[PDB]
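For the numbers below, each heavy atom of this structure counts, side chains included, while hydrogens, waters and symmetry mates do not. Protein chains get the first letters and strands the later ones, always in sequence-line order, with residue 1 at the start of each.
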Amino acid sequence: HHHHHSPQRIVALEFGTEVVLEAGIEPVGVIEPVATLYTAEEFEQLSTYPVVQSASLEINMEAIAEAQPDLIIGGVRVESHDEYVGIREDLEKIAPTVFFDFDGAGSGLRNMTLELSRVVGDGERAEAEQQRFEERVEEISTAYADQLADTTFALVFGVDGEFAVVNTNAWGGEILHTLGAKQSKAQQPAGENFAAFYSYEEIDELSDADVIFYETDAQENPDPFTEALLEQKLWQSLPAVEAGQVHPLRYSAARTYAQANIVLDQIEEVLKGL
Amino acid sequence: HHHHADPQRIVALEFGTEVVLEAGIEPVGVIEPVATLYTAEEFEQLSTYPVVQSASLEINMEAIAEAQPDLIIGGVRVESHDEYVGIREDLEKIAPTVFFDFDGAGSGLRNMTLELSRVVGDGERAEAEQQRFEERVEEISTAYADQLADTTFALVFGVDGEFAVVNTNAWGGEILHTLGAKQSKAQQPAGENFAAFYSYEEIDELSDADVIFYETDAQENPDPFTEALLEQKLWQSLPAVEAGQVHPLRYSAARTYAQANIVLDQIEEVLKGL
């Protein structure tokens, strides 16, 4: 009952989308597609599917009932567990309903979708990806052991009037940490929180950064807020920026091991010019 | 940072009005209601409440006293800091007093009131609005990425004998800028100022504008001066005016995130044209 080991018509609730897409399955119902999570091809594909959940996570039991699923899948944030006990009961009147809980913003997610991939019958590729991730981390950490030892990384995204520096326990900061990379001291105020927030005046916190990553969507596009952060004249004064070492980062969220490796690939490419 | 007693008898000074309204709180004391800032129903209601501050920002310390507050809230322009540290003292003798500073004419205001909404016990809805604003910018920017690339916007308001073109660091112009929109070159002489002023002779400075927004009050009514600008004979000469693309903009001076979303709605609607 651990993550590591030694159906025909699927409704995909939240986090179920990435699982069925990777398995080449077509869902009979899907949570409302958010464009930033998917490639252009994927999004225009996903839009051909009936919406059975809002992006606010509000579920449409009736629309699901019309979809006639034989299996309903999705992940749940562990904090909302008891809440989803009732939801599963309600949903199981339509079809067998498999939920999995996940915790934090790091490995918990890509493990959770590994379990969903097994359930929908795609455990082979999914377990392969997990092993590949673990191998690549080993291989990368020793192949560039020098660069990882003397370079300080930072991951940022922007919000409204402020920006964030991603912590060692979350998204691309988790993956960077798992690799063994050093990360900026802008992280320190985050504590157990996923990011540390700063005003545009506090951009100078990232002066110990030799390399900076900034989150983008699935098509390498920064959101306006992240672009706004890159525009600030105070930003154009950081060591890493006038070194030409500021790079885009796709799939920082890393909802699967397949996605998490794409992060490893981006981290690796930068290490080649380092 | 903005991103992450208990009251029942609140006096709302300047900028505290939008906060108590949005929270469904009836204030015991309120700054003199200016009708252009509120709906007909909001204004009608707000006139019931005792006036404890003048529209010229003069505080009636004894009217506040009789109101018997247990909490006094309001926002302060950053320039007038020390002058208000003083005021809080005399105020703190009446009840706990919360003043927040804000800077500029952009994101600083809706964040300041986000903080006041937290203080009065309404931080949930307030943070929801902030998150929703940030999501919808991201959303609108990508969904209309074409329109936003090919279109040049302008925001104008009228004054006596002159008119103004709003800059990228202020009000409706800031939000338009945050979205990623292109805006007219009439903004240039503003520099760091919130607006660039012109005579009715220089209306031709808006020839590159494909779309034009004109500030109105909370009830979609332009002020007489703005109304005069739209009457000028050189105005119906502009491309955007003879293309049918001149629209009213409410809540340009977006005081809260709820208001800043209503601005985004209006921009989205126009963008659903073009």
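Atoms CG and CZ, from B:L179 and A:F225 in turn, are 9.0 Å apart once rounded to the nearest 0.5 Å. In this structure, the separation between NE2 on B:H177 and CD on A:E231 is 5.0 Å, given to the nearest 0.5 Å. Atom NE2 of B:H3 is separated from atom CZ of A:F163 by 12.5 Å, given to the nearest 0.5 angstrom. Between the CD atom of B:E138 and the OG1 atom of A:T226 there is a distance of 7.5 Å, given to the nearest 0.5 Å.
Of the atoms belonging to B:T178, heavy atoms from both backbone and side chain fall under 4.5 Å from chain A. Heavy atoms closer than 4.5 Å to chain A are found in both the backbone and the side chain of B:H2. Residue A:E227: no heavy atom, backbone or side chain, is found under 4.5 Å from chain B.
Here the side chains of A:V34 and B:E135 are not in contact, with every heavy-atom distance at 4.5 Å or above. At least one side-chain heavy atom of B:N111 sits less than 4.5 Å from a side-chain heavy atom of A:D160.
A pairwise comparison of heavy atoms in A:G161 and B:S107 identifies CA-OG, 3.7 Å as the closest pair.
For residues 258-267 of chain A, heavy-atom neighbours of chain B at less than 4.5 Å comprise no residues at all. Contacts from residues 189-202 of chain A to chain B, taken as heavy-atom pairs separated by less than 4.5 Å, involve A:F197, A:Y198, A:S199, A:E202 in sequence order.
The number of heavy atoms from other shown groups lying within 6.0 Å of NE2 (B:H81) does not exceed 12. For A:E242, the CD atom counts as densely surrounded, since its 6.0 Å shell holds more than 12 non-hydrogen atoms of other residues, nucleotides or ligands. A 6.0 Å sphere centred on NZ of B:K185 holds no more than 12 heavy atoms belonging to other residues, nucleotides or ligands. No more than 12 heavy atoms of other residues, nucleotides or ligands sit less than 6.0 Å from atom CD of A:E26.
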